[PDB]
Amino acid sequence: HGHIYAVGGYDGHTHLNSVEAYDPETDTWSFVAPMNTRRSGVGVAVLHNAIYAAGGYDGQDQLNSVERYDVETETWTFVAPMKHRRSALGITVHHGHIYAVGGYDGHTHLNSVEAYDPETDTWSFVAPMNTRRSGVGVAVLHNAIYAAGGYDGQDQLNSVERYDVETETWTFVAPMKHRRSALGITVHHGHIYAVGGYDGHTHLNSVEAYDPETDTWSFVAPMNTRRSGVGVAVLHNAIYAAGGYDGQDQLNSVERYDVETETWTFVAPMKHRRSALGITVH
């Protein structure tokens, strides 16, 4: 449907159940049906033409609940809950399944990983990561899921792991040049883009890109704004960075990276400021 969906987050006072969608044809945001549950630190993905919002924090607990938006009915419906409560988890989709990666359960930072089967409406565990990671960024590239950065309970991480769906286990790949917790992670062309985050000292406007052909990370032009708790997605050959936290304020601004001009430019802001939001393209 070629729209960017911005899901939940925290606006500085409220944990949001609000959802809005960006139309690139008109450069405008409009609101969507709100979720059943408030969710900051939420993970979101699209599976068989529906948007899933998994985990997060509702203002009182970390969540194992998971809800599913159908664009036709404009309704959010709960599906089976995750086995682990997870805020600041990563969420992605591979081979018809949703993968919930890491996160924080209210006491522990998780290395556990669970997969959702929409045909049986059940979650199952898969291989845990080598490293515990909340505030992790995930994405899929070819036959693998990548988990980059995050926070292991005491350190912000620059390490990066790859889940090979054939070997069914996680292995380390080249680390990021910067440590990044609460970063955004997305895939463009054949590369993984790591966007923003927090390095233990400041909130980052920097960006770097992973080439699987060479197992190396390289510099890309930084964004105009520092953003941890940012959501990122690709739409029509451009990368969008929406929301986050610049070190002082939750953000409603949105920037778009053009790969030709290597330039970030602001587009229309969202109606709500959202740190620790989910962002996906539907």
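The first residue of the sequence shown is number 1, and the count goes up from there.
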Ranked by mean Cα B-factor in the entry, 106-114 and 184-192, top stretch is 184-192
Once average C-alpha B-factors are taken from the entry for 248-256 and 35-43, the winner is 248-256
Of the residues 132, 94, 84, 179, the one whose Cα carries the largest B-factor in the deposited record is 94
Just say lowest, middle or highest third for the CA B-factor of residue 271 relative to the other modelled residues in its chain. middle
Where the record places residue 262 (Cα B-factor, split into thirds across the chain): highest
Using the B-factors in the PDB entry, rank residue 8's C-alpha atom against the chain and give the third, lowest, middle or highest. lowest
Using the temperature factors of the C-alpha atoms in this entry, rank residue 124 within its chain: lowest, middle or highest third. lowest
When the modelled residues of the chain are sorted by Cα temperature factor, does residue 139 land in the lowest, middle or highest third? middle
